[PDB]
Structure formats: C-alpha cells, structure tokens
Amino acid sequence: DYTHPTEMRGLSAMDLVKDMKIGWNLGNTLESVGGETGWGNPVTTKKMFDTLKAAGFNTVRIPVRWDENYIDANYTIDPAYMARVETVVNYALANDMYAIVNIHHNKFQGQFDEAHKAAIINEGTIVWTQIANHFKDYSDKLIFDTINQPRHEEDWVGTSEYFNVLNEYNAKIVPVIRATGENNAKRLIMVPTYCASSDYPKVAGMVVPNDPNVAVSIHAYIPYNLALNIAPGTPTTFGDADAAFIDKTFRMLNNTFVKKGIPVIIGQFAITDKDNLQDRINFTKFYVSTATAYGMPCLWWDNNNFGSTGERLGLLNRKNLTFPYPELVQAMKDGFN
C-alpha cells in the first residue's frame, strides 16, 4: 500500500533547513566494511525509525559506502544494493522524516588531492548520476550530501591544495545532480568543508558552489578532548571553556555562511559516554541551543554502541528499541524548543 512520496514544495534552502528540526545518524551501518552488518549492528527496520519519530526526531542521515557494491569496472552500483538504500530511505520517509543519503567511506573520500582529482571527480560524477537518477522523483524530504569527510589520507589539518580539490568536486557534483532533472533540480544538496570541519582554515578555504539551493555540511564533535577523545584520563566535565569554544565556533559559522544566506547543517555531533551523564546532558542542551540560535539543525551520531569500549555514542538501543539515556533526547528537545 505504501508508495514513496513525491511532493516538491519548492522551498528555499533556508526554509527547508528550518523545517529539519532534531536529527540522528544511522551510524556504523551502511557505511561499514562488509555491508550493513559488517560493524556488528543489526539489519535496520522500519520499527527503529518509528521509535525515533515517536521520540521527537525529524531527520535521519544514512551513511552509505558504495564501492563494495560495484558490479563492473566503471562504478556501476548493484541494483540490489541501491534497492536496500532506498528501502531504508523509505523507513524515514514513511514516517514523514527527512532522509539524507551520501557517499561515506568510499576509498576516494581519502583522495582529495591533485594527484587523484580527475579520478575522484569522475567516480563521484558516475556514482551521483546513478543515485540521483534512481531517486529523481522522490519528495523534497530526501536530501543529498555529496561526500562525508573528504580529505587527503589521514591529514585532518589539510592544505589549500586539498581545499581547492574539494571545491572543484563540489562545483561539479552539484550541477551533475541538477541536470538529472525532475525533483533533483529543486532538491537540497549538502556540501562539506574539508573533513566537514568547523576549524577556521577549512571554513575560510571553502568555496560554496554557485547554486542557490545548497547547505554547508559540518561535523563538530567539539571540543574534541571532551566530546570524542575516548582515551582514559581525558576530560569529562562540561565547563566554561568548552561552552566558549562551541559558542565561538557557531558565531563564526553564522558570520561566514548563515548571514550570507547559506544555511548550515550540523550533520554529525555527539558527546561520548565517559560515565558522565550530567555533563553530557548539559553539553547537549548547550550545543543544540547554540546551534538553534543560528538556524542549524543538529544530527546526533548514533552508532548503537552501549558497551565498555570504543566510541560510546549509542542513544537508541537497536536490539530492543529503547532509550537508556532518555535525558539526552530530552536535552536535544530542550535546546531546540
């Protein structure tokens, strides 16, 4: 009985972004090595999305690695894999939630340099032409994100050379998507800075494509030592200096992009569990409140990890569809509203 929605309201990027609200990433799933279950998470179900919707989420980002599912030597995507991505998109769209599809951890993600520029633009063009064509009649609640964390190797600082390669990639991919037509001519497209970083050199090095319907993609697990560094002995308290760093970063993103009419989406953020629940509540409330002041939706990175090791970023326990830390969901709501 269900058919995918096709509605195109023709909203400006600013109006679309304003409607996105509180969000969530399907982490360590379709971007895993070995497919959906390759990093130990279960097969995704609609009931998981139903649970997120009932809890107050409105947007789901769906990381997708594509390059283990090429069926030939020219980046042709297996229809069965494309169909799985579409099924998961529809778990969100059937709940009237936004769904973001990207390229995430393809090998070329780490090849944003002059030595590989022609090859990465060619692969990205061929892949995005297929994704865009497959979804061209889909409603405006489907959003595309051109590349997850583009970089050279594991250089998270970057150089102008690499920043410029990314600018050329984004400047080619956006019109490639538009030219496939139908709703893709009017769909929001997200374009990242280098590494999707909010550090000022990446922000200043960014050239947003000459397209009036794009948003900048930022991933900001900040400050790093509190929010994402999992080493023992690292900071656990959310204090004045941490809040100040977040506020400065968001004011700067507002100055560079939002005040110039270009919206920003915080496509990933979180604070890792260091057995510091109250600090995580205070962090999350502060973070979302600050982002909301500048119209930036925040999408929590949920990897379904509730164990003792690794990046402890789970919110929805996917085994039984529960929230063991409901206070963190409530903190997002309290920051947003």
# chains A, B, ... in the order shown; residues from 1 in each chain; ligands from 1

$ residues_around --residues "residue 295 in chain A" --least-positions-apart "3" --cutoff "10 Å" --atoms "only C-alpha atoms" --output "list in words"
residues 14, 17, 18, 19, 20, 21, 254, 258, 263, 264, 265, 289, 290, 291, 292, 298 and 336 of chain A

$ closest_residue --among "A:234, A:249, A:210, A:6" --to "residue 287 in chain A" --atoms "only C-alpha atoms"
A:249

$ residues_around --residues "residue 149 in chain A" --least-positions-apart "4" --cutoff "9 Å" --atoms "only C-alpha atoms" --output "list in words"
residues 104, 105, 109, 110, 192, 193, 194, 195, 196, 197 and 219 of chain A

$ write_last_selection --atoms "N, CA, C and O atoms" --output "mmCIF file, in the first residue's frame"
data_model
loop_
_atom_site.group_PDB
_atom_site.id
_atom_site.type_symbol
_atom_site.label_atom_id
_atom_site.label_comp_id
_atom_site.auth_asym_id
_atom_site.auth_seq_id
_atom_site.Cartn_x
_atom_site.Cartn_y
_atom_site.Cartn_z
ATOM 1 N N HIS A 104 30.032 7.770 1.742
ATOM 2 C CA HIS A 104 30.613 7.730 3.091
ATOM 3 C C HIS A 104 31.622 6.593 3.142
ATOM 4 O O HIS A 104 31.267 5.421 3.013
ATOM 5 N N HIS A 105 32.894 6.935 3.296
ATOM 6 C CA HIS A 105 33.995 5.984 3.377
ATOM 7 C C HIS A 105 34.289 5.239 2.069
ATOM 8 O O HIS A 105 35.025 4.252 2.105
ATOM 9 N N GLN A 109 37.097 9.039 -0.778
ATOM 10 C CA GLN A 109 36.951 10.034 0.279
ATOM 11 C C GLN A 109 38.292 10.513 0.806
ATOM 12 O O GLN A 109 38.394 11.646 1.301
ATOM 13 N N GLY A 110 39.313 9.650 0.779
ATOM 14 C CA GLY A 110 40.635 9.994 1.272
ATOM 15 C C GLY A 110 41.640 10.408 0.219
ATOM 16 O O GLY A 110 42.846 10.397 0.470
ATOM 17 N N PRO A 192 30.160 19.643 2.022
ATOM 18 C CA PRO A 192 31.031 19.806 3.188
ATOM 19 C C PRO A 192 32.248 20.677 2.907
ATOM 20 O O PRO A 192 32.708 20.803 1.771
ATOM 21 N N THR A 193 32.774 21.253 3.990
ATOM 22 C CA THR A 193 34.153 21.721 4.025
ATOM 23 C C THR A 193 35.090 20.498 4.071
ATOM 24 O O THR A 193 34.661 19.345 4.208
ATOM 25 N N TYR A 194 36.397 20.754 4.006
ATOM 26 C CA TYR A 194 37.394 19.696 4.143
ATOM 27 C C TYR A 194 37.213 19.001 5.490
ATOM 28 O O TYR A 194 37.137 19.663 6.529
ATOM 29 N N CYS A 195 37.098 17.670 5.472
ATOM 30 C CA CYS A 195 36.799 16.858 6.648
ATOM 31 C C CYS A 195 35.466 17.212 7.302
ATOM 32 O O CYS A 195 35.224 16.812 8.451
ATOM 33 N N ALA A 196 34.600 17.950 6.612
ATOM 34 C CA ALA A 196 33.413 18.558 7.224
ATOM 35 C C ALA A 196 33.783 19.337 8.485
ATOM 36 O O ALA A 196 32.999 19.468 9.426
ATOM 37 N N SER A 197 34.993 19.878 8.523
ATOM 38 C CA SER A 197 35.498 20.547 9.709
ATOM 39 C C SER A 197 34.961 21.966 9.861
ATOM 40 O O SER A 197 34.781 22.710 8.888
ATOM 41 N N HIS A 219 30.611 18.708 10.582
ATOM 42 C CA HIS A 219 30.642 17.700 11.645
ATOM 43 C C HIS A 219 31.487 18.296 12.759
ATOM 44 O O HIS A 219 32.654 18.626 12.528
#

$ select_by_dssp --residues "range 33-260 of chain A" --states "helix (DSSP H, G or I)" --output "ChimeraX atom specification"
/A:46-55,79-93,107-110,114-134,160-179,182-185,194-196,200-205,224-227,240-256,258-260

$ write_last_selection --atoms "C-alpha atoms" --output "tab-separated table (two decimals), in the first residue's frame"
chain	number	residue	atom	x	y	z
A	46	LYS	CA	11.13	0.46	9.99
A	47	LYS	CA	10.26	-0.04	13.67
A	48	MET	CA	13.59	1.58	14.59
A	49	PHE	CA	12.56	4.70	12.66
A	50	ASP	CA	9.04	4.56	14.12
A	51	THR	CA	10.68	4.67	17.56
A	52	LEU	CA	12.85	7.66	16.63
A	53	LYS	CA	9.84	9.54	15.24
A	54	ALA	CA	7.81	8.91	18.40
A	55	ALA	CA	10.75	10.19	20.48
A	79	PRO	CA	20.60	-2.70	-8.19
A	80	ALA	CA	20.09	-4.88	-5.12
A	81	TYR	CA	22.26	-2.56	-3.01
A	82	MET	CA	20.61	0.58	-4.41
A	83	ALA	CA	17.28	-1.06	-3.51
A	84	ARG	CA	18.39	-1.61	0.09
A	85	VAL	CA	19.40	2.05	0.44
A	86	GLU	CA	16.00	3.01	-1.00
A	87	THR	CA	14.21	0.72	1.49
A	88	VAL	CA	15.99	2.42	4.40
A	89	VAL	CA	15.27	5.89	2.96
A	90	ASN	CA	11.61	4.88	2.94
A	91	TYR	CA	11.68	3.87	6.62
A	92	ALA	CA	12.26	7.59	7.22
A	93	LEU	CA	10.03	9.00	4.50
A	107	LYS	CA	38.08	4.89	-0.99
A	108	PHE	CA	38.03	8.19	-2.89
A	109	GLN	CA	36.95	10.03	0.28
A	110	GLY	CA	40.63	9.99	1.27
A	114	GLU	CA	45.71	16.99	-7.10
A	115	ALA	CA	47.21	13.56	-7.81
A	116	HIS	CA	43.72	11.99	-7.71
A	117	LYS	CA	41.49	14.96	-8.62
A	118	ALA	CA	40.40	13.83	-12.09
A	119	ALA	CA	39.72	10.28	-10.88
A	120	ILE	CA	37.68	11.28	-7.81
A	121	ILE	CA	35.58	13.76	-9.78
A	122	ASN	CA	34.93	11.08	-12.41
A	123	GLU	CA	33.94	8.44	-9.84
A	124	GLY	CA	31.81	10.90	-7.89
A	125	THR	CA	30.09	12.01	-11.09
A	126	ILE	CA	29.30	8.45	-12.18
A	127	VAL	CA	28.08	7.44	-8.70
A	128	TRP	CA	26.00	10.57	-8.12
A	129	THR	CA	24.44	10.29	-11.59
A	130	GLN	CA	23.20	6.83	-10.60
A	131	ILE	CA	21.95	7.82	-7.13
A	132	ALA	CA	20.28	10.96	-8.45
A	133	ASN	CA	18.67	9.15	-11.38
A	134	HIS	CA	17.34	6.42	-9.08
A	160	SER	CA	44.96	24.89	0.26
A	161	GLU	CA	45.73	22.32	-2.45
A	162	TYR	CA	43.27	19.85	-0.94
A	163	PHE	CA	40.71	22.54	-0.10
A	164	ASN	CA	40.70	23.58	-3.76
A	165	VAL	CA	40.30	19.99	-4.99
A	166	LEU	CA	37.21	19.67	-2.78
A	167	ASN	CA	35.85	22.98	-4.10
A	168	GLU	CA	36.16	21.62	-7.65
A	169	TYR	CA	34.50	18.33	-6.65
A	170	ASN	CA	31.52	20.09	-5.09
A	171	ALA	CA	31.28	22.53	-8.02
A	172	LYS	CA	30.99	19.58	-10.46
A	173	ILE	CA	28.76	17.25	-8.42
A	174	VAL	CA	26.06	19.83	-7.68
A	175	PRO	CA	25.29	20.58	-11.38
A	176	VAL	CA	25.57	16.87	-12.22
A	177	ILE	CA	22.72	16.22	-9.76
A	178	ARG	CA	20.68	19.19	-11.04
A	179	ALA	CA	20.92	18.09	-14.67
A	182	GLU	CA	12.70	16.36	-12.14
A	183	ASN	CA	12.82	16.90	-8.35
A	184	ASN	CA	16.64	16.82	-8.35
A	185	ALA	CA	16.58	20.29	-9.93
A	194	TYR	CA	37.39	19.70	4.14
A	195	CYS	CA	36.80	16.86	6.65
A	196	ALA	CA	33.41	18.56	7.22
A	200	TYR	CA	38.54	28.21	10.61
A	201	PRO	CA	41.07	27.33	7.85
A	202	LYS	CA	38.68	24.80	6.32
A	203	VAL	CA	35.77	27.24	6.60
A	204	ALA	CA	37.77	30.06	5.02
A	205	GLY	CA	39.11	27.73	2.31
A	224	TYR	CA	37.38	17.21	20.80
A	225	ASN	CA	39.02	16.14	24.06
A	226	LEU	CA	35.67	16.16	25.90
A	227	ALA	CA	33.30	15.15	23.12
A	240	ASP	CA	33.03	27.33	30.75
A	241	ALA	CA	35.94	26.91	28.33
A	242	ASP	CA	34.11	24.14	26.46
A	243	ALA	CA	30.95	26.23	26.15
A	244	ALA	CA	33.03	29.20	24.98
A	245	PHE	CA	34.66	27.11	22.24
A	246	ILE	CA	31.28	25.93	20.95
A	247	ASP	CA	29.82	29.44	21.04
A	248	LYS	CA	32.80	30.95	19.18
A	249	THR	CA	32.64	28.26	16.50
A	250	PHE	CA	28.91	28.73	15.92
A	251	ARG	CA	29.14	32.52	15.80
A	252	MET	CA	31.89	32.12	13.19
A	253	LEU	CA	29.81	29.71	11.07
A	254	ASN	CA	26.93	32.19	11.31
A	255	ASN	CA	29.19	35.03	10.11
A	256	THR	CA	30.69	33.07	7.23
A	258	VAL	CA	24.25	31.91	7.51
A	259	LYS	CA	24.42	35.72	7.47
A	260	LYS	CA	25.31	35.46	3.76

$ select_by_dssp --residues "range 111-204 of chain A" --states "strand (DSSP E or B)" --output "PDB file with N, CA, C and O atoms, in the first residue's frame"
ATOM      1  N   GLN A 111      41.148  10.772  -0.964  1.00  0.00           N
ATOM      2  CA  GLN A 111      41.995  11.064  -2.118  1.00  0.00           C
ATOM      3  C   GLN A 111      41.745  12.464  -2.669  1.00  0.00           C
ATOM      4  O   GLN A 111      41.930  12.717  -3.863  1.00  0.00           O
ATOM      5  N   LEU A 142      13.904  14.009   0.849  1.00  0.00           N
ATOM      6  CA  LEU A 142      15.174  13.362   0.545  1.00  0.00           C
ATOM      7  C   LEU A 142      16.203  14.424   0.170  1.00  0.00           C
ATOM      8  O   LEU A 142      15.987  15.213  -0.754  1.00  0.00           O
ATOM      9  N   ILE A 143      17.330  14.417   0.870  1.00  0.00           N
ATOM     10  CA  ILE A 143      18.422  15.371   0.721  1.00  0.00           C
ATOM     11  C   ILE A 143      19.677  14.585   0.349  1.00  0.00           C
ATOM     12  O   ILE A 143      19.866  13.466   0.833  1.00  0.00           O
ATOM     13  N   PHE A 144      20.537  15.155  -0.496  1.00  0.00           N
ATOM     14  CA  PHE A 144      21.811  14.536  -0.861  1.00  0.00           C
ATOM     15  C   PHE A 144      22.969  15.280  -0.194  1.00  0.00           C
ATOM     16  O   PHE A 144      22.931  16.508  -0.072  1.00  0.00           O
ATOM     17  N   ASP A 145      24.006  14.543   0.206  1.00  0.00           N
ATOM     18  CA  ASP A 145      25.205  15.049   0.895  1.00  0.00           C
ATOM     19  C   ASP A 145      26.386  14.522   0.088  1.00  0.00           C
ATOM     20  O   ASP A 145      26.583  13.310   0.001  1.00  0.00           O
ATOM     21  N   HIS A 152      42.674  14.302   2.356  1.00  0.00           N
ATOM     22  CA  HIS A 152      43.846  13.591   1.866  1.00  0.00           C
ATOM     23  C   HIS A 152      44.306  12.652   2.971  1.00  0.00           C
ATOM     24  O   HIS A 152      44.739  13.107   4.036  1.00  0.00           O
ATOM     25  N   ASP A 155      45.145  13.246   6.944  1.00  0.00           N
ATOM     26  CA  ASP A 155      45.561  14.617   7.235  1.00  0.00           C
ATOM     27  C   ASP A 155      44.301  15.415   7.559  1.00  0.00           C
ATOM     28  O   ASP A 155      43.553  15.820   6.665  1.00  0.00           O
ATOM     29  N   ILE A 189      20.890  20.130  -1.578  1.00  0.00           N
ATOM     30  CA  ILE A 189      22.155  19.404  -1.604  1.00  0.00           C
ATOM     31  C   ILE A 189      23.078  19.990  -0.539  1.00  0.00           C
ATOM     32  O   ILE A 189      23.236  21.216  -0.447  1.00  0.00           O
ATOM     33  N   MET A 190      23.673  19.116   0.258  1.00  0.00           N
ATOM     34  CA  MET A 190      24.638  19.474   1.291  1.00  0.00           C
ATOM     35  C   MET A 190      26.052  19.307   0.743  1.00  0.00           C
ATOM     36  O   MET A 190      26.360  18.286   0.110  1.00  0.00           O
ATOM     37  N   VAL A 191      26.913  20.303   1.006  1.00  0.00           N
ATOM     38  CA  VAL A 191      28.281  20.302   0.548  1.00  0.00           C
ATOM     39  C   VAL A 191      29.202  20.531   1.748  1.00  0.00           C
ATOM     40  O   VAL A 191      29.028  21.512   2.481  1.00  0.00           O
ATOM     41  N   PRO A 192      30.160  19.643   2.022  1.00  0.00           N
ATOM     42  CA  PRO A 192      31.031  19.806   3.188  1.00  0.00           C
ATOM     43  C   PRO A 192      32.248  20.677   2.907  1.00  0.00           C
ATOM     44  O   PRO A 192      32.708  20.803   1.771  1.00  0.00           O
TER      45      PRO A 192
END

$ residues_around --residues "residue 279 in chain A" --least-positions-apart "2" --cutoff "9 Å" --atoms "only C-alpha atoms" --output "PyMOL selection string"
chain A and resi 236-239+276-277+281-284

$ closest_residue --among "A:22, A:187, A:321, A:228" --to "residue 215 in chain A" --atoms "only C-alpha atoms"
A:187
